[PDB]
file input_17.cif (mmCIF, C-alpha atoms)
data_data
#
loop_
_atom_site.label_atom_id
_atom_site.label_comp_id
_atom_site.auth_asym_id
_atom_site.auth_seq_id
_atom_site.Cartn_x
_atom_site.Cartn_y
_atom_site.Cartn_z
CA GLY A 1 -22.64 -0.96 -13.54
CA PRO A 2 -20.31 -0.99 -10.49
CA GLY A 3 -21.36 -0.01 -6.97
CA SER A 4 -19.96 0.20 -3.45
CA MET A 5 -21.77 -1.46 -0.54
CA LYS A 6 -20.81 1.50 1.65
CA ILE A 7 -21.15 5.18 0.71
CA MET A 8 -18.98 6.18 3.68
CA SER A 9 -16.03 8.45 2.86
CA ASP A 10 -14.55 7.60 6.27
CA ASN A 11 -10.86 6.84 6.94
CA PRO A 12 -10.69 3.13 7.97
CA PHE A 13 -7.77 2.17 5.71
CA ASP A 14 -5.14 4.37 7.35
CA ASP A 15 -5.75 3.30 10.96
CA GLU A 16 -2.46 1.96 12.30
CA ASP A 17 -4.71 0.16 14.78
CA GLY A 18 -5.62 -2.08 11.87
CA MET A 19 -3.38 -4.77 10.39
CA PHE A 20 -2.31 -4.31 6.75
CA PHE A 21 -0.40 -6.37 4.18
CA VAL A 22 2.38 -5.18 1.87
CA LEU A 23 1.86 -5.91 -1.83
CA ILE A 24 4.04 -5.61 -4.93
CA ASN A 25 3.61 -5.38 -8.69
CA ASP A 26 6.35 -6.74 -10.97
CA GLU A 27 7.49 -3.18 -11.74
CA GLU A 28 8.71 -3.25 -8.10
CA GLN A 29 5.58 -1.27 -7.27
CA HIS A 30 5.04 -1.42 -3.51
CA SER A 31 1.82 -0.51 -1.72
CA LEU A 32 0.06 -1.05 1.60
CA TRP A 33 -3.37 -2.71 1.50
CA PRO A 34 -5.86 -3.01 4.42
CA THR A 35 -7.64 -6.19 5.55
CA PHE A 36 -10.87 -4.26 4.86
CA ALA A 37 -10.16 -4.68 1.13
CA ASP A 38 -9.36 -7.61 -1.19
CA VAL A 39 -5.92 -7.91 -2.80
CA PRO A 40 -6.05 -6.13 -6.21
CA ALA A 41 -5.36 -8.40 -9.19
CA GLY A 42 -1.84 -7.76 -10.44
CA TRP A 43 -0.46 -7.20 -6.94
CA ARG A 44 0.99 -10.06 -4.87
CA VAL A 45 1.27 -10.08 -1.07
CA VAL A 46 4.93 -9.78 -0.05
CA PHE A 47 4.12 -9.25 3.62
CA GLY A 48 1.03 -10.76 5.24
CA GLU A 49 -1.43 -8.87 7.44
CA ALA A 50 0.68 -7.30 10.20
CA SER A 51 0.62 -4.26 12.50
CA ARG A 52 0.95 -1.05 10.44
CA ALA A 53 4.44 -0.37 11.85
CA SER A 54 5.94 -3.68 10.70
CA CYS A 55 4.36 -3.15 7.29
CA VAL A 56 5.82 0.37 6.99
CA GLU A 57 9.21 -0.80 8.29
CA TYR A 58 9.32 -3.43 5.54
CA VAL A 59 8.11 -1.08 2.76
CA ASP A 60 10.59 1.56 3.93
CA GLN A 61 13.45 -0.89 3.34
CA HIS A 62 11.99 -2.59 0.25
CA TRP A 63 12.18 0.47 -2.05
CA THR A 64 15.21 -1.27 -3.61
CA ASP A 65 15.17 1.33 -6.44
CA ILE A 66 12.09 1.31 -8.70
CA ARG A 67 12.16 -0.16 -12.24
CA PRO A 68 9.92 2.28 -14.27
CA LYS A 69 11.36 5.80 -14.54
CA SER A 70 8.61 8.25 -13.58
CA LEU A 71 8.79 12.05 -13.36
CA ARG A 72 5.13 12.53 -12.39
CA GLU A 73 4.56 13.17 -8.67
CA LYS A 74 1.93 14.24 -6.15
CA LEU A 75 4.18 15.71 -3.45
CA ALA A 76 7.58 14.83 -1.96
CA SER A 77 6.13 15.09 1.56
CA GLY A 78 2.90 15.18 3.56
CA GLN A 79 1.42 16.24 6.89
CA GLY A 80 -1.81 15.85 8.83
#
call {"tool": "encode", "arguments": {"input": "input_17.cif", "output": "structure tokens"}}
result
Amino acid sequence: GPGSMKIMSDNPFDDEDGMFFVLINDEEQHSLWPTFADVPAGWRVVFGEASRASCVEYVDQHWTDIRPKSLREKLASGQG
């Protein structure tokens, strides 16, 4: 079956100290992927590996109104 090479449940993917790339799926699905992971099939890199802030700045503008109409959510906000 499948298996990870690292059992660590650490937070390395949300370090703004790391450079991330901005991906998209044809349903105008935008996401932020870390260099510590390979680009998931189905998602194309719209913005290459850049400092987390540039990535977020781009994503924040590239909402451009989503295609699929969803009513399922996690939460409208978040803190930490």
call {"tool": "closest_residue", "arguments": {"input": "input_17.cif", "among": "A:70, A:23, A:62, A:79", "to": "residue 43 of chain A", "atoms": "only C-alpha atoms"}}
result
A:23
call {"tool": "atom_distance", "arguments": {"input": "input_17.cif", "atom1": "atom CA of residue 57 of chain A", "atom2": "atom CA of residue 31 of chain A"}}
result
12.4 Å
call {"tool": "closest_residue", "arguments": {"input": "input_17.cif", "among": "A:80, A:58, A:34, A:50", "to": "residue 14 of chain A", "atoms": "all atoms listed in the file"}}
result
A:34
call {"tool": "residues_near_point", "arguments": {"input": "input_17.cif", "point": "(6.6, -2.7, 2.7)", "cutoff": "12 Å", "atoms": "all atoms listed in the file", "output": "short mmCIF file (atom, residue, chain, number, x, y, z; two decimals) with C-alpha atoms, in the coordinates of the input"}}
result
data_model
loop_
_atom_site.label_atom_id
_atom_site.label_comp_id
_atom_site.auth_asym_id
_atom_site.auth_seq_id
_atom_site.Cartn_x
_atom_site.Cartn_y
_atom_site.Cartn_z
CA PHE A 20 -2.31 -4.31 6.75
CA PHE A 21 -0.40 -6.37 4.18
CA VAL A 22 2.38 -5.18 1.87
CA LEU A 23 1.86 -5.91 -1.83
CA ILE A 24 4.04 -5.61 -4.93
CA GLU A 28 8.71 -3.25 -8.10
CA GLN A 29 5.58 -1.27 -7.27
CA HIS A 30 5.04 -1.42 -3.51
CA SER A 31 1.82 -0.51 -1.72
CA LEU A 32 0.06 -1.05 1.60
CA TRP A 33 -3.37 -2.71 1.50
CA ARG A 44 0.99 -10.06 -4.87
CA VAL A 45 1.27 -10.08 -1.07
CA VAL A 46 4.93 -9.78 -0.05
CA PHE A 47 4.12 -9.25 3.62
CA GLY A 48 1.03 -10.76 5.24
CA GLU A 49 -1.43 -8.87 7.44
CA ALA A 50 0.68 -7.30 10.20
CA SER A 51 0.62 -4.26 12.50
CA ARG A 52 0.95 -1.05 10.44
CA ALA A 53 4.44 -0.37 11.85
CA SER A 54 5.94 -3.68 10.70
CA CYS A 55 4.36 -3.15 7.29
CA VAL A 56 5.82 0.37 6.99
CA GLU A 57 9.21 -0.80 8.29
CA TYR A 58 9.32 -3.43 5.54
CA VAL A 59 8.11 -1.08 2.76
CA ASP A 60 10.59 1.56 3.93
CA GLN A 61 13.45 -0.89 3.34
CA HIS A 62 11.99 -2.59 0.25
CA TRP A 63 12.18 0.47 -2.05
CA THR A 64 15.21 -1.27 -3.61
#
call {"tool": "atom_distance", "arguments": {"input": "input_17.cif", "atom1": "atom CA of residue 78 of chain A", "atom2": "atom CA of residue 42 of chain A"}}
result
27.3 Å
call {"tool": "closest_residue", "arguments": {"input": "input_17.cif", "among": "A:41, A:69, A:13, A:74", "to": "residue 25 of chain A", "atoms": "all atoms listed in the file"}}
result
A:41
call {"tool": "atom_distance", "arguments": {"input": "input_17.cif", "atom1": "atom CA of residue 15 of chain A", "atom2": "atom CA of residue 35 of chain A"}}
result
11.1 Å
